[PDB]
Amino acid sequence: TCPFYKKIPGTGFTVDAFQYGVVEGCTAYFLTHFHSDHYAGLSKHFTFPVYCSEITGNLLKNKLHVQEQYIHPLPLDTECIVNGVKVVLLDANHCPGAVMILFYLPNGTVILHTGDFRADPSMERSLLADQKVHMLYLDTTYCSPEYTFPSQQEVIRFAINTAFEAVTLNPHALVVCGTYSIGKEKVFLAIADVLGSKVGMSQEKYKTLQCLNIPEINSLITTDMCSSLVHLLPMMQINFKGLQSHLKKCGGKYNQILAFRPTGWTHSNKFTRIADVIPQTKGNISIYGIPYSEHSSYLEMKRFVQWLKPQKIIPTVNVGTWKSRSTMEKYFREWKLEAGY
Ligand code: NI
């Protein structure tokens, strides 16, 4: 049944709750972003109102064929009224179109639902600064102190420098980048920019990218693989067997592959700096796992929450085990005692 951490008290609302059938008493279904664990359940047969960003609404219409009459896109950073309740959508710094949702309950309670987010100090100057938030529904994906990672800018600097050196040393090398969802577009777009190439990809993935309002996108991507030396493939194909097979397909145009897997966290992070990352190599194929995250590090999460000073925290990730729930609650209490709220 629908878990309590997907329901907004004092409303008829749910958040990311599309796989439970008709949720009894739900008058508006919100969707924070287009990732499958969150939209699971939606299709052309859905006939309840869906509230979301413009970008998420483009993907619902074009990829899932949800009918236009049930898509309700809202502008960001704008006070809107939904079924009699004031809401605001904020940028979540996750994937394209991802939002956090502020609810202003008729009784005076203010609720923030972060959806999935990568906390950032820039959020301390949004419409969040303007009033008190009583309850926080928090993306706790990496809520433990072992999870450190570099800035997205440092990681993209490493990828660009690695790629540019490799292809300048060997103009017959091919660059390949894995993907299995929207997000992390900067990885493949920044590398294609430094090399003077478009990114080549399947018709399905090109369609998906054309929904994202990215400026000048027609100049950066293509379905013509032959004219491109940065290829995108499913994340599943980013292994030595999958890559040897792809290289055969390119008909002797290339004699080397340099591949990137933008993982979340991996335990090489506890020891190794970005400067010191090395690939796995077999023959003329090298694979780099790079820690490009679209979720908060532990320290980023902690800073946001200590700034916001909520009265109650409701985790939305890692809630399935008692040891995880107990560990998170201990960190929440530490943060509150250290900061004094
Ligand atoms: Ni997500």
Side-chain angles (χ1 to χ4, degrees), residues 1-23 25-35 37-42 46-54 56-57 60 66 70-94 97-117 119 123 126-141 143 296 301 304-305 308-311 313-320 325 328-329 332:
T1 72
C2 184
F4 73 101
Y5 65 85
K6 295 186 178 277
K7 297 170 165 199
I8 305 301
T11 72
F13 304 155
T14 63
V15 179
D16 298 351
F18 295 91
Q19 64 167 293
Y20 306 100
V22 180
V23 176
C26 185
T27 67
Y29 295 76
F30 283 79
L31 180 61
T32 62
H33 65 294
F34 199 74
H35 279 165
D37 280 356
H38 302 257
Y39 64 71
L42 278 168
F46 201 81
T47 50
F48 298 102
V50 178
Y51 288 87
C52 61
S53 69
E54 178 188 350
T56 296
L60 291 179
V66 171
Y70 308 112
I71 305 171
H72 299 259
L74 309 175
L76 297 195
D77 303 313
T78 301
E79 297 183 331
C80 300
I81 309 310
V82 174
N83 298 358
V85 176
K86 181 163 66 168
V87 305
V88 175
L89 301 190
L90 308 162
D91 202 279
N93 190 39
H94 185 53
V99 300
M100 311 191 290
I101 313 159
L102 258 185
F103 300 97
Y104 293 79
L105 268 37
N107 80 1
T109 300
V110 178
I111 297 172
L112 182 60
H113 194 305
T114 69
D116 282 346
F117 87 144
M123 297 170 173
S126 64
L127 296 196
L128 287 175
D130 297 30
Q131 79 296 282
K132 187 190 179 49
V133 168
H134 303 88
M135 307 178 72
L136 176 64
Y137 289 59
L138 179 63
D139 168 18
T140 44
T141 298
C143 189
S296 311
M301 190 188 301
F304 178 83
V305 176
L308 190 69
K309 302 174 172 70
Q311 298 175 355
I313 303 173
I314 299 174
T316 68
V317 188
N318 302 313
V319 294
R325 287 195 157 282
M328 290 184 293
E329 296 173 5
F332 304 150

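Just the heavy atoms: all of them, side chains too, but no hydrogens, waters or symmetry mates, feed the values below. All residue numbers in this chain count up from 1 along the given sequence.
A centroid separation of 6.0 Å or more is found between the aromatic rings of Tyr70 and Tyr51.
For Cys2 against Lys7, the heavy-atom pair with the smallest separation is O-CE, 3.8 Å. Scanning all heavy atoms of the two residues, the minimum distance from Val305 to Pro310 falls at O-CD, 3.4 Å. When all heavy atoms are compared, the tightest approach of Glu54 to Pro73 is CA-CB, 3.9 Å. Of all heavy-atom pairs between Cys80 and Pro75, the closest is SG-CD, 4.1 Å. Of all non-hydrogen atoms in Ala17 and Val23, the two that sit nearest each other are O-CG2, 4.3 Å. What you find for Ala28 and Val82 is that their closest heavy atoms are CB-CG1, 4.2 Å.
Partners of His33 by ring pair (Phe, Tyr, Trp, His ring centres under 6.0 Å), not counting sequence neighbours, listed by chain and number: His35, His38, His94. For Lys86, the side-chain hydrogen bond (donor to acceptor under 3.5 Å, both in side chains) partners are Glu79, not counting sequence neighbours. Evaluation of the side-chain hydrogen bond (donor to acceptor under 3.5 Å, both in side chains) rule for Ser53 yields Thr56 as partners, not counting sequence neighbours. In terms of the side-chain hydrogen bond (donor to acceptor under 3.5 Å, both in side chains) criterion, residue partners of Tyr104 (sequence neighbours excluded) are, by chain and number, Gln131. Judged as a ring pair (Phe, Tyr, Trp, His ring centres under 6.0 Å), and not counting sequence neighbours, the contacts of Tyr39 are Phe34. Partners of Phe46 according to the ring pair (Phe, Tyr, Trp, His ring centres under 6.0 Å) rule, which considers only residues two or more places apart in sequence or in another chain, are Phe18, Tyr29, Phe48.
The shortest side-chain heavy-atom distance between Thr32 and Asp116 does not fall under the 4.5 Å cut-off. Here the side chains of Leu42 and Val50 are in contact, with some heavy-atom distance below 4.5 Å. The shortest distance between side-chain heavy atoms of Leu128 and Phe304 falls below 4.5 Å. Using a 4.5 Å cut-off on side-chain heavy atoms (C-beta onward), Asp77 and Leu90 make contact. The shortest distance between side-chain heavy atoms of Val99 and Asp91 does not fall below 4.5 Å. When side chains are defined from C-beta on, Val110 counts as touching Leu102, because their heavy atoms get closer than 4.5 Å. At least one side-chain heavy atom of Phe13 sits less than 4.5 Å from a side-chain heavy atom of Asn83. The side-chain heavy atoms of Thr141 and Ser296, taken from C-beta on, include no pair separated by under 4.5 Å.
In this structure, CG in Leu105 is found 9.0 Å from CE in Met135, a value given to the nearest 0.5 Å. In this structure, the separation between CG on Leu127 and CG on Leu112 is 11.5 Å, given to the nearest 0.5 Å. Atom NE2 of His134 and atom CG of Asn107 lie 8.5 Å apart (nearest 0.5 Å). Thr14 OG1 to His113 NE2: the interatomic distance, rounded to the nearest 0.5 Å, is 9.5 Å.
In this structure, a donor-acceptor pair under 3.5 Å is absent between the side chains of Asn318 and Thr140. For the residue pair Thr114 / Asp139, no side-chain donor-acceptor distance below 3.5 Å is found, with atom types taken as modelled.
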CA sep, side-chain torsions, deciding dist, call: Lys309, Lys132, side-chain contact (heavy atoms from CB on, under 4.5 Å): CA-CA 8 Å; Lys309 302 174 172 70; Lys132 187 190 179 49; over 6 Å; no

side-chain contact (heavy atoms from CB on, under 4.5 Å) between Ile111 and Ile8, worked out: CA-CA 8 Å; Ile111 297 172; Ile8 305 301; 3.9 Å; yes

Checking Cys52 against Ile71 for the side-chain contact (heavy atoms from CB on, under 4.5 Å) test, could you report, in this order, the C-alpha distance in whole Å, the side-chain angles of both residues, the deciding distance, and whether it holds? CA-CA 8 Å; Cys52 61; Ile71 305 171; 4.3 Å; yes

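A donor-acceptor pair under 3.5 Å is formed between the side chain of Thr316 and the backbone N or O of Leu138.
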